[PDB]
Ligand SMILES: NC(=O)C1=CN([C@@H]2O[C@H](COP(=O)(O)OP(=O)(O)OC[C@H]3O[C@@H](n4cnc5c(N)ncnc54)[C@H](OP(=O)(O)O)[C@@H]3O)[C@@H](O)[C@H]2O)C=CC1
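Take a look at this single chain in structure tokens; it is the form solved without the named molecule.
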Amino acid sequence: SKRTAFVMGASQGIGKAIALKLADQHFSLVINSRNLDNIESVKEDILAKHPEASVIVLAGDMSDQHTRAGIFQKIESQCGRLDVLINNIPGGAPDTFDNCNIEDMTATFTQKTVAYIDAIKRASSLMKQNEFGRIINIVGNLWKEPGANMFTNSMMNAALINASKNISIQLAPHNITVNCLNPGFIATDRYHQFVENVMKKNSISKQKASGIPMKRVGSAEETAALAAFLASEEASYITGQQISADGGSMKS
């Protein structure tokens, strides 16, 4: 109850499952969605179980700088603190080395990688005030070999893992942990569904159905359990880690 958690992308998929789990753990929640679609029912689902739960809905696209800045000012004003940050923004459209282009690469760098780093900067400022923080970055590949069809996203993931480890070292003295969580492929996440659709199309290489994209299958609830453990008071010594929860049996 005392601890406050900010969950991005909470209207569906990965973010929704994490928000629900953290509420079962009695965090006060700030939940965000690009728009107010569906996010209401997440709040209701939460109040259904915990009528006395605190849930604040802040809409807006966390990929926009000025918006991101405005959300954190609102968290500081309305909550007065922040203990947990779930960085959760989709990467860009699938691309290949062959078809990548500068406009789209720059856009996707800015929309996810920069957004996560800036969010961490702003969140850690609030976290330091109470000498406690948990930063969980949702970062990972959906397929066993992402390079082929998720070229730009794979390189951004690598950058994030590197930045996260470096940030973990800087924030440790303030009891703030920073970990990356790879959920693998989440069938209930709309971005994952979108990526899957494009790759089914792209993977058709012979007239009749060895180079077939294999999902690293995850689960929103499994990812949510891990995120909740990492956010807990019993995970204070776990930082600068990358942990994958993508250990479901992989499928075409």
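Under this definition, the rigid core comprises the largest set of C-alpha atoms superposing within 1.5 Å between the forms. In case it trips you up, residue 1 is the first one in the sequence shown, and so on.
In terms of unmodelled positions of the deposited sequence, the chain runs continuously from residue 204 to residue 205 in this entry. Stretches 21 to 29 and 8 to 16 differ in mean C-alpha B factor, with the higher average recorded for 21 to 29. The PDB entry records a higher mean C-alpha B factor for 139 to 147 than for its counterpart among 89 to 97 and 139 to 147. In this entry, the residue among 48, 186, 57, 227 with the greatest C-alpha B factor is 48. Looking at the C-alpha B-factors along this chain, the one for residue 223 belongs to the lowest third. In the PDB entry, a CA B factor belonging to the highest third of its chain's modelled residues is recorded for residue 103. Placement of the Cα temperature factor of residue 77 within the chain: highest third of the modelled residues, per the deposited record.
One more form of this protein should be noted, the form solved in complex with the named molecule, which is absent from this view; the next part is about it.
Steric access to the site is blocked in the shown form: after superposition of the site C-alphas, the named molecule as positioned in the entry with it bound has three or more atoms within 2.4 Å of backbone or C-beta atoms.
The contact with the named molecule in the entry with it bound, taken as any heavy atom within 4.5 Å, belongs to 89 out of 75, 89, 180, 176. Of the residues 41, 54, 202, 188, just one reaches the named molecule in the entry with it bound with a heavy atom at 4.5 Å or closer; this is 188. For the named molecule in the entry with it bound, the listed stretch (111 to 119, 127 to 135, 78 to 86, 95 to 103) containing residues with heavy atoms inside 4.5 Å is 111 to 119. By the criterion of a heavy atom within 4.5 Å, residue 14 is counted among the residues contacting the named molecule in the entry with it bound. By the criterion of a heavy atom within 4.5 Å, residue 35 is counted among the residues contacting the named molecule in the entry with it bound. When the named molecule is considered in the entry with it bound, residue 45 lies well away from it, no heavy atom lying within 4.5 Å.
In the entry with it bound, the named molecule sits within 4.5 Å of a heavy atom belonging to residue 184. Along 133 to 150, residues 138, 139, 140 each place a heavy atom within 4.5 Å of the named molecule in the entry with it bound. For the residues 57, 187, 225, 53, superposed on the rigid core between this form and the one not shown, a C-alpha shift of 2 angstroms or more shows up only at 187.
With a cut-off of 2 Å and the rigid core superposed, residue 151 has a Cα displacement that falls short of the cut-off between this form and the one not shown.
Shown in the overlay between this form and the one not shown, fitted on the rigid core, is a CA shift at residue 86 smaller than 2 Å.
Once both forms are overlaid on the rigid core, the distance between the two CA positions of residue 108 between this form and the one not shown is under 2 angstroms.
Between residue 142 and residue 157, the Cα spacing is smaller in the entry with it bound than in the shown form, differing by no less than 3 Å. Compared with the form shown here, the Cα atoms of residue 145 and residue 241 sit 3 Å or more closer together in the entry with it bound.
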